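Visitor: Here you go, my_file18.json (JSON, N, CA and C atoms):
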[["chain", "number", "residue", "atom", "x", "y", "z"],
["A", 1, "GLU", "N", 12.21, 168.95, -117.69],
["A", 1, "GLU", "CA", 11.92, 168.17, -116.50],
["A", 1, "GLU", "C", 12.45, 166.74, -116.62],
["A", 2, "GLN", "N", 12.29, 166.11, -117.79],
["A", 2, "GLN", "CA", 12.82, 164.77, -117.97],
["A", 2, "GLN", "C", 14.34, 164.75, -117.88],
["A", 3, "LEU", "N", 14.99, 165.75, -118.49],
["A", 3, "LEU", "CA", 16.45, 165.82, -118.40],
["A", 3, "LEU", "C", 16.90, 165.97, -116.95],
["A", 4, "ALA", "N", 16.25, 166.86, -116.20],
["A", 4, "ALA", "CA", 16.62, 167.06, -114.80],
["A", 4, "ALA", "C", 16.35, 165.81, -113.97],
["A", 5, "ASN", "N", 15.23, 165.13, -114.23],
["A", 5, "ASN", "CA", 14.91, 163.92, -113.48],
["A", 5, "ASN", "C", 15.94, 162.82, -113.75],
["A", 6, "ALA", "N", 16.34, 162.64, -115.01],
["A", 6, "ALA", "CA", 17.38, 161.67, -115.31],
["A", 6, "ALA", "C", 18.70, 162.06, -114.66],
["A", 7, "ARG", "N", 19.04, 163.35, -114.69],
["A", 7, "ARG", "CA", 20.30, 163.81, -114.12],
["A", 7, "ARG", "C", 20.34, 163.59, -112.61],
["A", 8, "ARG", "N", 19.22, 163.80, -111.92],
["A", 8, "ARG", "CA", 19.19, 163.60, -110.47],
["A", 8, "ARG", "C", 19.52, 162.15, -110.12],
["A", 9, "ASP", "N", 18.85, 161.20, -110.79],
["A", 9, "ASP", "CA", 19.12, 159.79, -110.52],
["A", 9, "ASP", "C", 20.55, 159.42, -110.89],
["A", 10, "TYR", "N", 21.05, 159.93, -112.02],
["A", 10, "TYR", "CA", 22.42, 159.61, -112.42],
["A", 10, "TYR", "C", 23.43, 160.13, -111.40],
["A", 11, "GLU", "N", 23.24, 161.37, -110.93],
["A", 11, "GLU", "CA", 24.14, 161.92, -109.93],
["A", 11, "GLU", "C", 24.05, 161.16, -108.61],
["A", 12, "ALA", "N", 22.85, 160.75, -108.21],
["A", 12, "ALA", "CA", 22.70, 159.98, -106.98],
["A", 12, "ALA", "C", 23.42, 158.64, -107.09],
["A", 13, "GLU", "N", 23.34, 157.99, -108.26],
["A", 13, "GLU", "CA", 23.91, 156.66, -108.41],
["A", 13, "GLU", "C", 25.40, 156.67, -108.74],
["A", 14, "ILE", "N", 25.94, 157.80, -109.20],
["A", 14, "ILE", "CA", 27.34, 157.81, -109.64],
["A", 14, "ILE", "C", 28.29, 157.81, -108.45],
["A", 15, "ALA", "N", 28.07, 158.69, -107.48],
["A", 15, "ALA", "CA", 29.07, 158.97, -106.46],
["A", 15, "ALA", "C", 29.21, 157.86, -105.42],
["A", 16, "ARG", "N", 28.09, 157.34, -104.91],
["A", 16, "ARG", "CA", 28.12, 156.49, -103.72],
["A", 16, "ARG", "C", 28.82, 155.15, -103.93],
["A", 17, "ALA", "N", 28.99, 154.70, -105.18],
["A", 17, "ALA", "CA", 29.55, 153.38, -105.40],
["A", 17, "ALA", "C", 30.99, 153.28, -104.92],
["A", 18, "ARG", "N", 31.82, 154.28, -105.25],
["A", 18, "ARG", "CA", 33.22, 154.24, -104.83],
["A", 18, "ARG", "C", 33.35, 154.34, -103.32],
["A", 19, "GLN", "N", 32.55, 155.21, -102.69],
["A", 19, "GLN", "CA", 32.59, 155.32, -101.24],
["A", 19, "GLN", "C", 32.16, 154.02, -100.56],
["A", 20, "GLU", "N", 31.12, 153.37, -101.08],
["A", 20, "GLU", "CA", 30.69, 152.09, -100.52],
["A", 20, "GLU", "C", 31.74, 151.01, -100.72],
["A", 21, "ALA", "N", 32.37, 150.96, -101.89],
["A", 21, "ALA", "CA", 33.46, 150.01, -102.12],
["A", 21, "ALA", "C", 34.66, 150.27, -101.23],
["A", 22, "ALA", "N", 34.91, 151.53, -100.86],
["A", 22, "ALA", "CA", 35.97, 151.82, -99.90],
["A", 22, "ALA", "C", 35.72, 151.14, -98.56],
["A", 23, "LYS", "N", 34.46, 150.90, -98.21],
["A", 23, "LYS", "CA", 34.16, 150.07, -97.04],
["A", 23, "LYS", "C", 34.74, 148.68, -97.19],
["A", 24, "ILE", "N", 34.88, 148.18, -98.42],
["A", 24, "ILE", "CA", 35.57, 146.92, -98.64],
["A", 24, "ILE", "C", 37.02, 147.03, -98.19],
["A", 25, "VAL", "N", 37.68, 148.13, -98.57],
["A", 25, "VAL", "CA", 39.14, 148.22, -98.50],
["A", 25, "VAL", "C", 39.65, 147.92, -97.10],
["A", 26, "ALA", "N", 39.04, 148.52, -96.08],
["A", 26, "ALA", "CA", 39.52, 148.32, -94.72],
["A", 26, "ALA", "C", 39.47, 146.85, -94.32],
["A", 27, "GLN", "N", 38.30, 146.21, -94.47],
["A", 27, "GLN", "CA", 38.15, 144.83, -94.03],
["A", 27, "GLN", "C", 38.99, 143.88, -94.87],
["A", 28, "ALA", "N", 38.98, 144.05, -96.20],
["A", 28, "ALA", "CA", 39.73, 143.16, -97.07],
["A", 28, "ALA", "C", 41.23, 143.28, -96.83],
["A", 29, "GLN", "N", 41.74, 144.51, -96.70],
["A", 29, "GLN", "CA", 43.15, 144.70, -96.40],
["A", 29, "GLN", "C", 43.51, 144.15, -95.03],
["A", 30, "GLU", "N", 42.65, 144.34, -94.03],
["A", 30, "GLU", "CA", 42.92, 143.78, -92.72],
["A", 30, "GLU", "C", 43.01, 142.27, -92.78],
["A", 31, "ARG", "N", 42.06, 141.63, -93.47],
["A", 31, "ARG", "CA", 42.08, 140.17, -93.57],
["A", 31, "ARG", "C", 43.32, 139.68, -94.31],
["A", 32, "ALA", "N", 43.64, 140.30, -95.45],
["A", 32, "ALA", "CA", 44.78, 139.85, -96.24],
["A", 32, "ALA", "C", 46.09, 140.05, -95.49],
["A", 33, "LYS", "N", 46.28, 141.23, -94.89],
["A", 33, "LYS", "CA", 47.50, 141.48, -94.13],
["A", 33, "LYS", "C", 47.60, 140.59, -92.91],
["A", 34, "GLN", "N", 46.48, 140.37, -92.20],
["A", 34, "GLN", "CA", 46.52, 139.51, -91.03],
["A", 34, "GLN", "C", 46.86, 138.07, -91.40],
["A", 35, "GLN", "N", 46.32, 137.58, -92.52],
["A", 35, "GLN", "CA", 46.63, 136.22, -92.95],
["A", 35, "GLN", "C", 48.05, 136.09, -93.47],
["A", 36, "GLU", "N", 48.57, 137.11, -94.17],
["A", 36, "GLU", "CA", 49.98, 137.07, -94.56],
["A", 36, "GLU", "C", 50.89, 137.11, -93.34],
["A", 37, "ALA", "N", 50.55, 137.93, -92.34],
["A", 37, "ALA", "CA", 51.32, 137.95, -91.11],
["A", 37, "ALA", "C", 51.20, 136.64, -90.36],
["A", 38, "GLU", "N", 50.05, 135.96, -90.46],
["A", 38, "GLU", "CA", 49.92, 134.64, -89.87],
["A", 38, "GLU", "C", 50.78, 133.62, -90.60],
["A", 39, "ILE", "N", 50.91, 133.76, -91.92],
["A", 39, "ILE", "CA", 51.84, 132.91, -92.67],
["A", 39, "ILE", "C", 53.26, 133.14, -92.18],
["A", 40, "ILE", "N", 53.64, 134.40, -92.00],
["A", 40, "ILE", "CA", 54.98, 134.72, -91.51],
["A", 40, "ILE", "C", 55.17, 134.17, -90.10],
["A", 41, "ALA", "N", 54.14, 134.27, -89.26],
["A", 41, "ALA", "CA", 54.22, 133.77, -87.90],
["A", 41, "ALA", "C", 54.36, 132.25, -87.87],
["A", 42, "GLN", "N", 53.63, 131.55, -88.74],
["A", 42, "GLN", "CA", 53.79, 130.11, -88.84],
["A", 42, "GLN", "C", 55.18, 129.74, -89.32],
["A", 43, "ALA", "N", 55.73, 130.51, -90.27],
["A", 43, "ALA", "CA", 57.09, 130.25, -90.72],
["A", 43, "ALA", "C", 58.10, 130.46, -89.60],
["A", 44, "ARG", "N", 57.92, 131.51, -88.80],
["A", 44, "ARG", "CA", 58.88, 131.87, -87.76],
["A", 44, "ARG", "C", 58.74, 131.04, -86.49],
["A", 45, "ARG", "N", 57.55, 130.50, -86.21],
["A", 45, "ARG", "CA", 57.37, 129.70, -85.00],
["A", 45, "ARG", "C", 58.22, 128.43, -85.06],
["A", 46, "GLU", "N", 58.28, 127.79, -86.22],
["A", 46, "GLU", "CA", 59.09, 126.60, -86.38],
["A", 46, "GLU", "C", 60.57, 126.91, -86.52],
["A", 47, "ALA", "N", 60.92, 128.03, -87.17],
["A", 47, "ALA", "CA", 62.32, 128.27, -87.54],
["A", 47, "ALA", "C", 63.23, 128.33, -86.32],
["A", 48, "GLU", "N", 62.89, 129.16, -85.34],
["A", 48, "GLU", "CA", 63.72, 129.28, -84.15],
["A", 48, "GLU", "C", 63.55, 128.08, -83.22],
["A", 49, "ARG", "N", 62.31, 127.63, -83.02],
["A", 49, "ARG", "CA", 62.04, 126.59, -82.03],
["A", 49, "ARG", "C", 62.66, 125.25, -82.43],
["A", 50, "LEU", "N", 62.53, 124.85, -83.70],
["A", 50, "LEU", "CA", 63.10, 123.59, -84.14],
["A", 50, "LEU", "C", 64.62, 123.63, -84.07],
["A", 51, "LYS", "N", 65.23, 124.77, -84.39],
["A", 51, "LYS", "CA", 66.68, 124.88, -84.25],
["A", 51, "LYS", "C", 67.11, 124.77, -82.79],
["A", 52, "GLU", "N", 66.38, 125.43, -81.89],
["A", 52, "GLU", "CA", 66.71, 125.34, -80.47],
["A", 52, "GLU", "C", 66.58, 123.92, -79.96],
["A", 53, "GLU", "N", 65.51, 123.22, -80.35],
["A", 53, "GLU", "CA", 65.33, 121.83, -79.92],
["A", 53, "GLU", "C", 66.34, 120.90, -80.58],
["A", 54, "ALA", "N", 66.73, 121.18, -81.83],
["A", 54, "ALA", "CA", 67.70, 120.36, -82.52],
["A", 54, "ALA", "C", 69.09, 120.52, -81.93],
["A", 55, "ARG", "N", 69.40, 121.69, -81.37],
["A", 55, "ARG", "CA", 70.65, 121.83, -80.63],
["A", 55, "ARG", "C", 70.72, 120.81, -79.50],
["B", 1, "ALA", "N", 60.18, 121.99, -93.36],
["B", 1, "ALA", "CA", 61.27, 121.42, -94.16],
["B", 1, "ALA", "C", 62.56, 122.20, -93.98],
["B", 2, "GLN", "N", 62.48, 123.53, -94.00],
["B", 2, "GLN", "CA", 63.67, 124.36, -93.85],
["B", 2, "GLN", "C", 64.27, 124.24, -92.46],
["B", 3, "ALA", "N", 63.44, 124.06, -91.43],
["B", 3, "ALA", "CA", 63.96, 123.85, -90.09],
["B", 3, "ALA", "C", 64.66, 122.50, -89.98],
["B", 4, "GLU", "N", 64.12, 121.47, -90.64],
["B", 4, "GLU", "CA", 64.83, 120.20, -90.70],
["B", 4, "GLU", "C", 66.18, 120.36, -91.38],
["B", 5, "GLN", "N", 66.22, 121.12, -92.48],
["B", 5, "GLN", "CA", 67.48, 121.36, -93.17],
["B", 5, "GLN", "C", 68.46, 122.12, -92.29],
["B", 6, "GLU", "N", 67.98, 123.14, -91.57],
["B", 6, "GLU", "CA", 68.85, 123.90, -90.68],
["B", 6, "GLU", "C", 69.39, 123.04, -89.55],
["B", 7, "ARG", "N", 68.55, 122.18, -88.97],
["B", 7, "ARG", "CA", 69.02, 121.27, -87.93],
["B", 7, "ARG", "C", 70.07, 120.32, -88.48],
["B", 8, "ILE", "N", 69.87, 119.82, -89.70],
["B", 8, "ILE", "CA", 70.88, 118.99, -90.33],
["B", 8, "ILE", "C", 72.17, 119.76, -90.56],
["B", 9, "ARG", "N", 72.07, 121.06, -90.87],
["B", 9, "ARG", "CA", 73.26, 121.87, -91.08],
["B", 9, "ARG", "C", 74.15, 121.89, -89.84],
["B", 10, "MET", "N", 73.55, 122.14, -88.67],
["B", 10, "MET", "CA", 74.31, 122.02, -87.43],
["B", 10, "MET", "C", 74.76, 120.59, -87.18],
["B", 11, "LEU", "N", 73.89, 119.61, -87.48],
["B", 11, "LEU", "CA", 74.27, 118.21, -87.34],
["B", 11, "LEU", "C", 75.36, 117.82, -88.32],
["B", 12, "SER", "N", 75.39, 118.45, -89.50],
["B", 12, "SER", "CA", 76.42, 118.13, -90.48],
["B", 12, "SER", "C", 77.81, 118.47, -89.95],
["B", 13, "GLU", "N", 77.96, 119.65, -89.35],
["B", 13, "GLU", "CA", 79.23, 120.00, -88.72],
["B", 13, "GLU", "C", 79.52, 119.05, -87.56],
["B", 14, "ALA", "N", 78.51, 118.75, -86.75],
["B", 14, "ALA", "CA", 78.69, 117.81, -85.66],
["B", 14, "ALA", "C", 79.02, 116.41, -86.17],
["B", 15, "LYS", "N", 78.38, 115.97, -87.25],
["B", 15, "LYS", "CA", 78.67, 114.66, -87.80],
["B", 15, "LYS", "C", 80.10, 114.58, -88.34],
["B", 16, "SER", "N", 80.54, 115.62, -89.05],
["B", 16, "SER", "CA", 81.91, 115.64, -89.54],
["B", 16, "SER", "C", 82.90, 115.65, -88.39],
["B", 17, "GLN", "N", 82.62, 116.44, -87.35],
["B", 17, "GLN", "CA", 83.49, 116.47, -86.18],
["B", 17, "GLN", "C", 83.55, 115.10, -85.51],
["B", 18, "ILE", "N", 82.41, 114.42, -85.40],
["B", 18, "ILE", "CA", 82.38, 113.11, -84.76],
["B", 18, "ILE", "C", 83.19, 112.11, -85.58],
["B", 19, "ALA", "N", 83.02, 112.11, -86.90],
["B", 19, "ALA", "CA", 83.77, 111.19, -87.75],
["B", 19, "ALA", "C", 85.27, 111.45, -87.64],
["B", 20, "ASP", "N", 85.67, 112.72, -87.74],
["B", 20, "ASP", "CA", 87.09, 113.06, -87.65],
["B", 20, "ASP", "C", 87.66, 112.68, -86.29],
["B", 21, "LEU", "N", 86.90, 112.94, -85.22],
["B", 21, "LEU", "CA", 87.38, 112.62, -83.88],
["B", 21, "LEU", "C", 87.50, 111.11, -83.69],
["B", 22, "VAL", "N", 86.54, 110.34, -84.19],
["B", 22, "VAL", "CA", 86.61, 108.89, -84.05],
["B", 22, "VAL", "C", 87.83, 108.34, -84.79],
["B", 23, "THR", "N", 88.03, 108.79, -86.03],
["B", 23, "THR", "CA", 89.18, 108.31, -86.80],
["B", 23, "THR", "C", 90.49, 108.76, -86.17],
["B", 24, "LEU", "N", 90.55, 109.99, -85.66],
["B", 24, "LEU", "CA", 91.77, 110.47, -85.02],
["B", 24, "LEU", "C", 92.06, 109.72, -83.73],
["B", 25, "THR", "N", 91.02, 109.36, -82.97],
["B", 25, "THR", "CA", 91.23, 108.55, -81.78],
["B", 25, "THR", "C", 91.70, 107.15, -82.14],
["B", 26, "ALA", "N", 91.17, 106.58, -83.22],
["B", 26, "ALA", "CA", 91.67, 105.29, -83.69],
["B", 26, "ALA", "C", 93.14, 105.38, -84.07],
["B", 27, "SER", "N", 93.53, 106.46, -84.74],
["B", 27, "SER", "CA", 94.93, 106.65, -85.08],
["B", 27, "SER", "C", 95.79, 106.83, -83.83],
["B", 28, "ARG", "N", 95.32, 107.64, -82.88],
["B", 28, "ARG", "CA", 96.09, 107.87, -81.66],
["B", 28, "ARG", "C", 96.23, 106.59, -80.84],
["B", 29, "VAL", "N", 95.27, 105.67, -80.95],
["B", 29, "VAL", "CA", 95.41, 104.37, -80.31],
["B", 29, "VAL", "C", 96.64, 103.66, -80.85],
["B", 30, "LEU", "N", 96.83, 103.69, -82.18],
["B", 30, "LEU", "CA", 98.05, 103.16, -82.76],
["B", 30, "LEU", "C", 99.27, 103.96, -82.29],
["B", 31, "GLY", "N", 99.15, 105.29, -82.26],
["B", 31, "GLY", "CA", 100.25, 106.11, -81.79],
["B", 31, "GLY", "C", 100.60, 105.86, -80.33],
["B", 32, "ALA", "N", 99.58, 105.74, -79.47],
["B", 32, "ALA", "CA", 99.84, 105.43, -78.07],
["B", 32, "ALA", "C", 100.33, 104.00, -77.90],
["B", 33, "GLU", "N", 99.67, 103.05, -78.56],
["B", 33, "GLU", "CA", 100.06, 101.65, -78.47],
["B", 33, "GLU", "C", 101.37, 101.35, -79.19],
["B", 34, "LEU", "N", 101.87, 102.28, -80.01],
["B", 34, "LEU", "CA", 103.12, 102.04, -80.72],
["B", 34, "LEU", "C", 104.29, 101.86, -79.77],
["B", 35, "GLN", "N", 104.36, 102.68, -78.71],
["B", 35, "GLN", "CA", 105.48, 102.59, -77.79],
["B", 35, "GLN", "C", 105.54, 101.23, -77.11],
["B", 36, "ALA", "N", 104.39, 100.71, -76.68],
["B", 36, "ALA", "CA", 104.35, 99.41, -76.02],
["B", 36, "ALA", "C", 104.55, 98.26, -77.00],
["B", 37, "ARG", "N", 103.94, 98.34, -78.19],
["B", 37, "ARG", "CA", 104.08, 97.28, -79.18],
["B", 37, "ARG", "C", 105.43, 97.29, -79.88],
["B", 38, "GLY", "N", 106.20, 98.37, -79.75],
["B", 38, "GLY", "CA", 107.49, 98.50, -80.40],
["B", 38, "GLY", "C", 107.66, 99.86, -81.04],
["B", 39, "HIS", "N", 108.71, 100.58, -80.66],
["B", 39, "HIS", "CA", 108.86, 101.96, -81.09],
["B", 39, "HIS", "C", 109.37, 102.08, -82.52],
["B", 40, "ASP", "N", 110.34, 101.25, -82.91],
["B", 40, "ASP", "CA", 110.99, 101.36, -84.21],
["B", 40, "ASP", "C", 111.15, 99.99, -84.84],
["B", 41, "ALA", "N", 110.10, 99.16, -84.76],
["B", 41, "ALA", "CA", 110.07, 97.85, -85.39],
["B", 41, "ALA", "C", 109.37, 97.88, -86.74],
["B", 42, "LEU", "N", 108.96, 99.05, -87.22],
["B", 42, "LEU", "CA", 108.23, 99.17, -88.48],
["B", 42, "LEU", "C", 109.12, 99.02, -89.70],
["B", 43, "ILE", "N", 110.44, 99.04, -89.54],
["B", 43, "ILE", "CA", 111.35, 98.92, -90.68],
["B", 43, "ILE", "C", 111.24, 97.58, -91.38],
["B", 44, "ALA", "N", 110.71, 96.56, -90.71],
["B", 44, "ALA", "CA", 110.60, 95.24, -91.33],
["B", 44, "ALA", "C", 109.70, 95.28, -92.56],
["B", 45, "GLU", "N", 108.55, 95.95, -92.46],
["B", 45, "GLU", "CA", 107.64, 96.03, -93.60],
["B", 45, "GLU", "C", 108.29, 96.77, -94.77],
["B", 46, "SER", "N", 108.99, 97.87, -94.48],
["B", 46, "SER", "CA", 109.64, 98.65, -95.52],
["B", 46, "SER", "C", 110.73, 97.87, -96.24],
["B", 47, "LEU", "N", 111.52, 97.07, -95.52],
["B", 47, "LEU", "CA", 112.56, 96.29, -96.16],
["B", 47, "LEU", "C", 111.98, 95.30, -97.17],
["B", 48, "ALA", "N", 110.90, 94.62, -96.80],
["B", 48, "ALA", "CA", 110.26, 93.70, -97.73],
["B", 48, "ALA", "C", 109.68, 94.44, -98.93],
["B", 49, "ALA", "N", 109.03, 95.58, -98.69],
["B", 49, "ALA", "CA", 108.45, 96.34, -99.80],
["B", 49, "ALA", "C", 109.53, 96.92, -100.70],
["B", 50, "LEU", "N", 110.58, 97.48, -100.12],
["B", 50, "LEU", "CA", 111.66, 98.08, -100.90],
["B", 50, "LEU", "C", 112.64, 97.01, -101.37]]
Please express the file's structure as structure tokens.

Guide:
Amino acid sequence: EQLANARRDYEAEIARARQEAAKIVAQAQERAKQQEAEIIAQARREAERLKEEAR
Amino acid sequence: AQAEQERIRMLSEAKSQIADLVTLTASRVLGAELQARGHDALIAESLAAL
């Protein structure tokens, strides 16, 4: 009974951690990609516009 | 910074063109004014130098 009781808790606690951390992946990847794309957008907003105005 | 550099790049060609055009116009002023000031009177300087 003690072995089974320990095994039940261990099995309950083993699996859910990776699935819960996968909830991180979507939001963290969205934030990182959106901010990198915002960096690219900031780089590109000046590149064409300043050249056009400098002409 | 890179956009400033790119604008200077176009300005660099424009600046070189402006300098060359100004100097060439100054030369052509001598070329145009040469006929009125004297077409073949430049031999005097060469005789003294040579």

Visitor: Based on all atoms listed in the file, which of the residues in chain A come within 8 Å of chain B? I want them as a list in words.

Guide: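 Residues passing the distance filter: residues 46, 47, 48, 49, 50, 51, 52, 53, 54 and 55 of chain A.
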
Visitor: Do you have the atom CA of residue 32 of chain A-atom CA of residue 45 of chain A distance handy?

Guide: 19.7 Å

Visitor: Work out how far apart atom C of residue 29 of chain B and atom C of residue 49 of chain B are and give it in Å to one decimal.

Guide: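 Separation between atom C of residue 29 of chain B and atom C of residue 49 of chain B: 24.6 Å.
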